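Take a look at the structure set out below.
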Amino acid sequence: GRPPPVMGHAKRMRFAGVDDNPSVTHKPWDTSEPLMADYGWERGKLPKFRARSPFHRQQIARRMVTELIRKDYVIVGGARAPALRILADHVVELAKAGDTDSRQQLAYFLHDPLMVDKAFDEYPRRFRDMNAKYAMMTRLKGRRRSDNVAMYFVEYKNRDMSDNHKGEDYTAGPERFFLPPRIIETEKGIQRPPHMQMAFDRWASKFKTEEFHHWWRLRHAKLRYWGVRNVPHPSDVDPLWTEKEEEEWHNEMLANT
Amino acid sequence: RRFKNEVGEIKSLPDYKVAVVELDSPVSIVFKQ
Amino acid sequence: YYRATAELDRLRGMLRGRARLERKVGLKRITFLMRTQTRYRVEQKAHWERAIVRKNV
Amino acid sequence: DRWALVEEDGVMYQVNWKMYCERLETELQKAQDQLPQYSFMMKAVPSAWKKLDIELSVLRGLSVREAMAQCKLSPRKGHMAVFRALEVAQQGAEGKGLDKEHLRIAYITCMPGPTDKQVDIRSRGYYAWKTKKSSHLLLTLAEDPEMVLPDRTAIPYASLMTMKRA
Amino acid sequence: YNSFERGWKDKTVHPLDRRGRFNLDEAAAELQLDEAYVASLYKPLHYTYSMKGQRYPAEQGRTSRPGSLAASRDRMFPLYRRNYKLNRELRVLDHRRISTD
Amino acid sequence: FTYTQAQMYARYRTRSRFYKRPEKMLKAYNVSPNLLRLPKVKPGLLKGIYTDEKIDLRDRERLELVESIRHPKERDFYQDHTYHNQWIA
Amino acid sequence: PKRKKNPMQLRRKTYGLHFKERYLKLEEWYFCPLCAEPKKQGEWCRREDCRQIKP
RNA sequence: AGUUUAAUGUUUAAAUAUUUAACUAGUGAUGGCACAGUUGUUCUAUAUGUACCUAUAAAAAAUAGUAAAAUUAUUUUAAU
RNA sequence: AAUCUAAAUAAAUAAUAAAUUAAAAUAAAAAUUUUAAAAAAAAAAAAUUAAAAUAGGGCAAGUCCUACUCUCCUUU
Ligand SMILES: [Mg+2]
Ligand SMILES: [Zn+2]
């Protein structure tokens, strides 16, 4: 009647209209805000995928955004995908604006500085003409073997207008995880921005040692102490990277020779 | 050294005493294949 | 006390589910359902059955 | 010499036994392989019978081209165990001469099998033995002669009621 | 996890600490600190000095199996062999330093 | 169950059997009673359980196939040791 | 549970549309023209062709 | 920041743990070895002396018909 | 507001005479009612079944343990 039929506060449900009514409480019912920690099943909130704490959920929002920017595809699982694609349309809403307010409002959010150095360069060039829906949420078919969580393949939109991921292939992951991704043979004649591909091998440099080949050997002992089925013994885990795989790459840096 | 023979009794060999001697001028053995 | 098992042991074949599988519940059922027939039959079936014949004629 | 009695003319004959059971084991074998069937048992399928078996009764009576499909999709374990057979069994069935295409699943039954006993340690000094269960999987690929393998290349029924009329 | 199926793999090994590739002995030469010692700083102190420590059992290496030879804890983990010169030189008191008579 | 609006007789070898599994008939003095009458033909052919391949996942061959099946969540422990000291005879 | 259940009690379990719809339902599928593998609709591979134009 | 309370836990992560209140100043005391069962020890509560002090361990056939639980073989042939 | 899904996987516990009856109403007869009879007609909650453990009684035979003018040894 004169007061609202259901007074100040009551949680309707998932899948419920706004039913605007005179009230003191504040409801957004709109989420145009970029890089926002408003996780929930309401309208003005992006889907809150499950996590231990709204902090630790924010920590999952960091390493899943800084890994979509780093490599333009992340095979994310479940309610993180609808929660990530809205964070890929925000990063571009952060990378397009450009002002040094935004470049920090992403610097506060990314675990690594080289990313906020990338996101502001390729994306204004890439998405100069696209104005929304920058992330494509294509669902992979085989539900995870570890639980029936679904697996969507959120990838940024057009890469043929990119500068870092020009003609890369993502039909399969890199062989050893420190190896750069396979390239479409029709555009094999592509070179990269140096600051991207000289800082990568700076990172990929630690797995080409033997101290990591010991941490690799070792880890396979942990996963057996914690018994994880199908883990080869650390006695037959011959290294990822090796001297035979050294000779190609030092001679694949013929540019600096 | 210890082990289980195919039968099953733990047949532990006698114990010994590694003694890493340290000669002055190094020694070696050749094996032609 | 002798439960005539070998006289009922092969006749659980026409009881229903749980009685057929297990024996100490299979007998207990039939050695009751049998024990009530031959009590229904001696003292109660006639003065019912001979009333259908009277209701007919 | 042990004799096993067989009747030939209404009277029974004290025929030798070693030659009589070698006539069975060749006949029963020849009376079984000349059939359009292929029975194949996978054992120690690591799953209990309650679970594994109820996920079979969906497959009992399906073409193997369908059974190998309905298996690869469902994330269950029962459907991945049988699909391990339907690629090995038909891999052996095609040797027996059995068709690769027209082959059916006649009987796909679960067989209760070895059950380990694991110690479990409940709270407050009580123990209750968890028994890691394992089953056996009996599978009889039979051959249906006139089975028409239905064409599966149209999106299930997006071919209609989603596409406009005409 | 760019896996699409998590496991003992495709768990991105270091989603931080991007400043990889440290040449310890090379850097240890600049500091003049006994190259064998410096590398020991960067592994759990169980592994180098004579300290009480907890080892995983696979790490211990198995007896000669029918499938695999006797894989000793050393020949699979060389840089984890304790260096008892470096222990004694640093951690234990030598007869010399207290010899009074 | 199953039933496609069709009275297929039921769930075949499944729902009822899993209720009271039959006790195993033990041998007296290791004797099999009717051994001296039944033929010697291999039992694969006697009652009818005649199988072309009895693939056995309890084998060192198929250890890869077993580990292909079990769920990643099905953690198995004591891979590289055993709680009971194996060196006690 | 103050009583054990005969099969006719365990069997009523298998009649509601909860058992049936959870276990005993076949999935509708078809052959992915690109991968030739069985597939459900709305799901695709991790592969350029399967990912640009949804098979 | 490990201890007079309270919540949780209630075959529990625990045959006493999580969180928490209270308390906290020991030159006089978690602690060298020493006392042992008709008995040690006790700032004494019939408390404890190896996870119910009715000590454990060991050896008996104690008693239990004096309302405990049981006591194994159908087709019968004299009653209360 | 927060954290604590379903499903997929692994698979234990108390309890268990049975159930196709269980409901519901009414009388009962020793009892609280439960029966008998008549007459009807998936998930949460704890009203009933034993939702409880175990405390609370008092009686019987048995043993225990403590106490003092009246019973009695081994007694220092
Ligand atoms: Mg009569
Ligand atoms: Zn595909």
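Labels for the structure tokens follow display order: chains A, B, ..., residues from 1 in each chain, ligands from 1.
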
Original post:
Within 10 Å of ligand 2, counting only C-alpha atoms (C1' of nucleotides) and all ligand atoms: which residues, as a list in words?
Top reply: residues 140 and 141 of chain A; 31, 32, 33, 34, 35, 36, 37, 38, 39, 43, 44, 45, 46, 47, 48, 49, 50, 51, 54 and 55 of chain G

**OP:** Write out as a VMD selection string the residues lying within 7 Å of range 14-18 of chain D, counting only C-alpha atoms (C1' of nucleotides) and excluding same-chain residues fewer than 3 positions away.
**Re:** chain D and resid 1 to 5 21 to 22

**OP:** List all protein, DNA and RNA residues that have any atom at most 7 Å from ligand 1, counting only C-alpha atoms (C1' of nucleotides) and all ligand atoms, and write the list as a ChimeraX atom specification.
**Re:** /C:41-42,46

Export of prior selection with C-alpha atoms as a PDB file, in the first residue's frame:
ATOM      1  CA  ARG C  41      -9.411 -73.187   5.424  1.00  0.00           C
ATOM      2  CA  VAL C  42     -10.619 -75.341   8.287  1.00  0.00           C
ATOM      3  CA  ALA C  46     -16.802 -72.925   4.216  1.00  0.00           C
TER       4      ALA C  46
END

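Residues of chain F having any atom within 8 Å of chain A, counting only C-alpha atoms, are residues 67, 71, 72, 73, 74, 75, 76, 77, 78, 79 and 80 of chain F.
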
Let's have the selection written as a short mmCIF file (atom, residue, chain, number, x, y, z; two decimals), in the first residue's frame, with N, CA and C atoms.
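Okay, result-v1.cif is ready:
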data_model
loop_
_atom_site.label_atom_id
_atom_site.label_comp_id
_atom_site.auth_asym_id
_atom_site.auth_seq_id
_atom_site.Cartn_x
_atom_site.Cartn_y
_atom_site.Cartn_z
N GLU F 67 44.82 -45.99 -14.92
CA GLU F 67 45.07 -44.59 -14.60
C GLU F 67 44.44 -43.64 -15.60
N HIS F 71 39.18 -41.11 -11.56
CA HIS F 71 39.01 -39.66 -11.53
C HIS F 71 40.24 -38.99 -10.91
N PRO F 72 40.68 -37.86 -11.46
CA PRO F 72 41.78 -37.12 -10.83
C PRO F 72 41.57 -36.86 -9.35
N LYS F 73 40.32 -36.73 -8.91
CA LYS F 73 40.04 -36.54 -7.50
C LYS F 73 40.27 -37.80 -6.68
N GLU F 74 40.48 -38.94 -7.33
CA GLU F 74 40.58 -40.22 -6.62
C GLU F 74 42.01 -40.40 -6.13
N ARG F 75 42.43 -39.56 -5.19
CA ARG F 75 43.80 -39.59 -4.73
C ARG F 75 44.11 -40.91 -4.04
N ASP F 76 45.24 -41.51 -4.42
CA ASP F 76 45.73 -42.72 -3.78
C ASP F 76 47.05 -42.39 -3.10
N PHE F 77 47.21 -42.85 -1.87
CA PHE F 77 48.32 -42.44 -1.04
C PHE F 77 49.34 -43.56 -0.95
N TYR F 78 50.39 -43.35 -0.16
CA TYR F 78 51.38 -44.37 0.10
C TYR F 78 51.99 -44.89 -1.20
N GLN F 79 52.16 -43.98 -2.16
CA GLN F 79 52.73 -44.38 -3.44
C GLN F 79 54.17 -44.84 -3.30
N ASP F 80 54.94 -44.16 -2.47
CA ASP F 80 56.38 -44.38 -2.40
C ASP F 80 56.84 -44.92 -1.06
#

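Of note, CA of residue 78 in chain D and CA of residue 44 in chain D are spaced 12.3 Å apart.
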
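Taking only C-alpha atoms (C1' of nucleotides), the non-local environment of residue 49 in chain H within 10 Å (same-chain residues fewer than 6 positions away omitted) comprises residues 36, 37, 40, 41 and 55 of chain H.
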
Residues from the last selection, N, CA and C atoms (P, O5', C5', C4', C3', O3' and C1' of nucleotides), saved as a PDB file, in the first residue's frame:
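Result saved to result-v4.pdb:
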ATOM      1  P     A H  36      58.485 -47.861  47.983  1.00  0.00           P
ATOM      2  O5'   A H  36      56.912 -47.962  47.865  1.00  0.00           O
ATOM      3  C5'   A H  36      56.223 -47.255  46.849  1.00  0.00           C
ATOM      4  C4'   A H  36      54.961 -47.968  46.480  1.00  0.00           C
ATOM      5  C3'   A H  36      55.084 -49.476  46.483  1.00  0.00           C
ATOM      6  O3'   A H  36      53.847 -50.025  46.891  1.00  0.00           O
ATOM      7  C1'   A H  36      54.535 -48.738  44.314  1.00  0.00           C
ATOM      8  P     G H  37      53.690 -50.588  48.379  1.00  0.00           P
ATOM      9  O5'   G H  37      53.196 -52.068  48.135  1.00  0.00           O
ATOM     10  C5'   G H  37      52.465 -52.358  46.958  1.00  0.00           C
ATOM     11  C4'   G H  37      51.016 -52.002  47.124  1.00  0.00           C
ATOM     12  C3'   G H  37      50.047 -53.107  46.732  1.00  0.00           C
ATOM     13  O3'   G H  37      48.923 -53.046  47.592  1.00  0.00           O
ATOM     14  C1'   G H  37      49.560 -51.188  45.500  1.00  0.00           C
ATOM     15  P     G H  40      51.559 -45.551  52.337  1.00  0.00           P
ATOM     16  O5'   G H  40      52.269 -44.999  51.033  1.00  0.00           O
ATOM     17  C5'   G H  40      53.585 -45.410  50.715  1.00  0.00           C
ATOM     18  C4'   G H  40      54.051 -44.804  49.422  1.00  0.00           C
ATOM     19  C3'   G H  40      53.888 -43.306  49.309  1.00  0.00           C
ATOM     20  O3'   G H  40      54.963 -42.625  49.913  1.00  0.00           O
ATOM     21  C1'   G H  40      53.147 -44.357  47.330  1.00  0.00           C
ATOM     22  P     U H  41      54.719 -41.252  50.688  1.00  0.00           P
ATOM     23  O5'   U H  41      53.984 -40.336  49.625  1.00  0.00           O
ATOM     24  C5'   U H  41      54.715 -39.661  48.622  1.00  0.00           C
ATOM     25  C4'   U H  41      53.805 -38.793  47.802  1.00  0.00           C
ATOM     26  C3'   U H  41      52.911 -37.858  48.587  1.00  0.00           C
ATOM     27  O3'   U H  41      53.565 -36.663  48.961  1.00  0.00           O
ATOM     28  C1'   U H  41      51.633 -38.994  46.975  1.00  0.00           C
ATOM     29  P     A H  55      41.152 -49.963  42.565  1.00  0.00           P
ATOM     30  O5'   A H  55      41.686 -49.951  41.079  1.00  0.00           O
ATOM     31  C5'   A H  55      42.948 -50.519  40.796  1.00  0.00           C
ATOM     32  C4'   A H  55      43.623 -49.828  39.649  1.00  0.00           C
ATOM     33  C3'   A H  55      43.890 -50.702  38.439  1.00  0.00           C
ATOM     34  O3'   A H  55      42.777 -50.724  37.563  1.00  0.00           O
ATOM     35  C1'   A H  55      45.872 -49.585  39.065  1.00  0.00           C
TER      36        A H  55
END

Given a cut-off of 9 Å, which residues of chain D touch chain H, counting only C-alpha atoms (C1' of nucleotides), written out as a compact mmCIF listing (two decimals) with N, CA and C atoms, in the first residue's frame?
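Output contents, as saved in out.txt:
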# COMPACT_ATOMS: atom_id res chain seq x y z
N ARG D 122 37.41 -43.36 12.09
CA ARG D 122 36.40 -42.37 12.44
C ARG D 122 36.80 -41.64 13.70
N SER D 123 36.05 -40.59 14.01
CA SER D 123 36.39 -39.78 15.16
C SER D 123 36.00 -40.48 16.45
N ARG D 124 36.76 -40.20 17.50
CA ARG D 124 36.50 -40.74 18.83
C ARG D 124 36.72 -42.25 18.88
N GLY D 125 37.89 -42.69 18.44
CA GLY D 125 38.31 -44.05 18.69
C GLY D 125 37.47 -45.13 18.06
N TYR D 126 36.65 -44.79 17.08
CA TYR D 126 35.86 -45.76 16.34
C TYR D 126 36.43 -45.91 14.94

**OP:** Mind checking which residues fall within 10 Å of range 14-18 of chain A, counting only C-alpha atoms (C1' of nucleotides), ignoring those fewer than 6 positions away in the same chain, and posting them as a ChimeraX atom specification?
**Re:** /A:27-29,40-43

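Neighbouring residues of range 21-35 of chain I at 12 Å or closer, counting only C-alpha atoms (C1' of nucleotides) and skipping chain neighbours under 5 positions away, are residues 40, 41, 48 and 49 of chain I.
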
For C-alpha atoms (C1' of nucleotides), I'd like the residues from the last selection saved as a PDB file, in the first residue's frame.
ATOM      1  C1'   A I  40     -12.944 -44.323   5.856  1.00  0.00           C
ATOM      2  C1'   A I  41     -10.067 -43.114   2.110  1.00  0.00           C
ATOM      3  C1'   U I  48       4.904 -40.098  15.832  1.00  0.00           C
ATOM      4  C1'   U I  49       7.728 -44.540  15.271  1.00  0.00           C
TER       5        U I  49
END

Original post:
In range 3-81 of chain F, what's alpha helix (DSSP H) per DSSP? Answer as a ChimeraX atom specification?
Top reply: /F:63-69

With N, CA and C atoms retained, write the just-selected residues as a short mmCIF file (atom, residue, chain, number, x, y, z; two decimals), in the first residue's frame.
data_model
loop_
_atom_site.label_atom_id
_atom_site.label_comp_id
_atom_site.auth_asym_id
_atom_site.auth_seq_id
_atom_site.Cartn_x
_atom_site.Cartn_y
_atom_site.Cartn_z
N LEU F 63 48.03 -50.85 -16.72
CA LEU F 63 48.16 -49.86 -15.67
C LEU F 63 47.96 -48.46 -16.22
N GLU F 64 48.38 -48.23 -17.46
CA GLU F 64 48.11 -46.94 -18.08
C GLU F 64 46.62 -46.77 -18.36
N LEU F 65 45.93 -47.85 -18.71
CA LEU F 65 44.51 -47.73 -19.03
C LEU F 65 43.68 -47.52 -17.77
N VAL F 66 44.09 -48.14 -16.66
CA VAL F 66 43.40 -47.90 -15.39
C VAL F 66 43.58 -46.45 -14.97
N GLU F 67 44.82 -45.99 -14.92
CA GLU F 67 45.07 -44.59 -14.60
C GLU F 67 44.44 -43.64 -15.60
N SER F 68 44.04 -44.14 -16.77
CA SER F 68 43.26 -43.32 -17.69
C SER F 68 41.82 -43.16 -17.21
N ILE F 69 41.32 -44.12 -16.44
CA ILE F 69 39.91 -44.14 -16.10
C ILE F 69 39.65 -43.35 -14.83
#

**OP:** Pull out every residue of chain E that has at least one atom within 12 Å of chain G, counting only C-alpha atoms, and report them as a ChimeraX atom specification.
**Re:** /E:2-4

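Counting from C1' of residue 18 in chain H, the distance to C1' of residue 3 in chain I is 16.8 Å.
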
Original post:
Leaving out range 47-63 of chain E and any residue of its chain fewer than 4 positions from it, which residues lie within 10 Å of it when counting only C-alpha atoms (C1' of nucleotides), given as a ChimeraX atom specification?
Top reply: /A:217-226,233-235 /B:2-3 /E:37,39-41,43,68-77,79-88,90-92 /F:78-81

**OP:** Taking the chain letters and numbering used in this document, name the residues of chain F that DSSP puts in strand (DSSP E), as a PyMOL selection string.
**Re:** chain F and resi 53-56

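The shortest atom-to-atom distance to residue 40 in chain G, with only C-alpha atoms taken into account, belongs to D:69 out of D:88, D:105, D:163, D:69.
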
**OP:** Give me, as a ChimeraX atom specification, the contact residues of chain D against chain I at a cut-off of 7 Å, counting only C-alpha atoms (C1' of nucleotides).
**Re:** /D:75-76,128,130

Kindly save the residues from that selection, with C-alpha atoms included, as a compact mmCIF listing (two decimals), in the first residue's frame.
# COMPACT_ATOMS: atom_id res chain seq x y z
CA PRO D 75 31.49 -36.76 -17.89
CA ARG D 76 30.60 -39.85 -15.87
CA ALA D 128 34.83 -48.51 10.19
CA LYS D 130 36.02 -48.57 3.99

**OP:** Identify, on the basis of only C-alpha atoms (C1' of nucleotides), every residue whose closest approach to residue 143 in chain D does not exceed 12 Å; exclude the query and any residue fewer than 5 positions from it along the same chain; express the result as a ChimeraX atom specification.
**Re:** /D:35-39,61-64,90,93-94,96-107
